[PDB]
């Protein structure tokens, strides 16, 4: 026989995962792990299953960062070069998408038919969020705040929800924790939008105001653009995708003149109050008091 099939080797896997492993070697904050831990106080998934869920979520998170940095044309990630500036965009993109299917193979280890459907629905939502974000970015059409939050719910919220939905599929309690975790994912993204423009640690981690370089209609940027439609400086800056710090500093000063950062702090305050009220409701109906989830809520909105 002319052709003889070879088994896949560890050396080849190491090539395929080159970009993924590079990113995993960079220290992150591990918010999603602490979120899983805080929900497990209530759901009490055993560690055998929980370890699979934690691995799945870490894999999907790192892979999504690989792809996001390419689609956004970012330069820094966790204060280090983005993976594709080392390995090129094609290998980094292929590595991220590969890991999406390695993670599905990992979910299959739960031997839980509902978990498969949960995974598919979440990967569908993730791409629906990325697709609408890109659509607005490329068309230079500023979404409303309500459209933006629906996109965030699909995107950033999709992974938060995936983690807790898999936990629920591995527990017999009949309480719906997803509205709460979706709310926490929305809070987390709005804080991220804010800190991208205001936090010095975020300047060290990704560059100054990198959402402006990337042309993104983020939460405070939307508010600023829509607060004065007759002034088109900020949306035109987005169009220009500026790498220059002078343009970005001018944009940041414009956004303070429209009070878009106080606006964003006030919305986060309102959503945190809803989150606390939801936690208190869950506990009033039979769940033990959960200190860890209050600490996660406080931590993600620590600034602001």
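Positions refer to the first chain, counted from 1.
Peer 1: Between 196 to 204 and 141 to 149, which has the higher average C-alpha B-factor in the PDB entry?
Peer 2: For C-alpha atoms only, the mean B-factor is higher in 196 to 204.
Peer 1: Take the C-alpha B-factors listed in the entry for 206 to 214 and for 223 to 231, compute each mean, and give the stretch with the larger one.
Peer 2: Comparing 206 to 214 with 223 to 231, the higher mean C-alpha B-factor belongs to 206 to 214.
Peer 1: Among the candidates 61, 29, 239, 55, give the one with the maximum CA B-factor reported in the record.
Peer 2: Across 61, 29, 239, 55, the entry lists the biggest C-alpha B-factor for 29.
Peer 1: Per the coordinate record, which of the options 88, 158, 96, 81 holds the highest CA temperature factor?
Peer 2: The C-alpha B-factor peaks, among 88, 158, 96, 81, at 158.
Peer 1: Looking at the temperature factor on the CA atom of residue 287, which third of the chain's modelled residues does it land in?
Peer 2: Highest third - that is where residue 287 ends up once the chain's C-alpha B-factors are sorted.
Peer 1: Compare the C-alpha B factor of residue 45 with those of the other modelled residues in its chain, then answer lowest, middle or highest third.
Peer 2: Middle third, going by the recorded CA B-factors of the chain.
Peer 1: Report the third (lowest, middle or highest) to which the CA temperature factor of residue 128 belongs, ranking only the modelled residues of the same chain.
Peer 2: Lowest third.
Peer 1: Would you check the entry's CA temperature factor for residue 134 and let me know if it's in the chain's lowest, middle or highest third?
Peer 2: For residue 134, the deposited C-alpha B-factor lands in the lowest third.
Peer 1: Going by the recorded CA B-factors, say which third of the chain residue 67 sits in, lowest, middle or highest.
Peer 2: CA B-factor rank for residue 67: lowest third.
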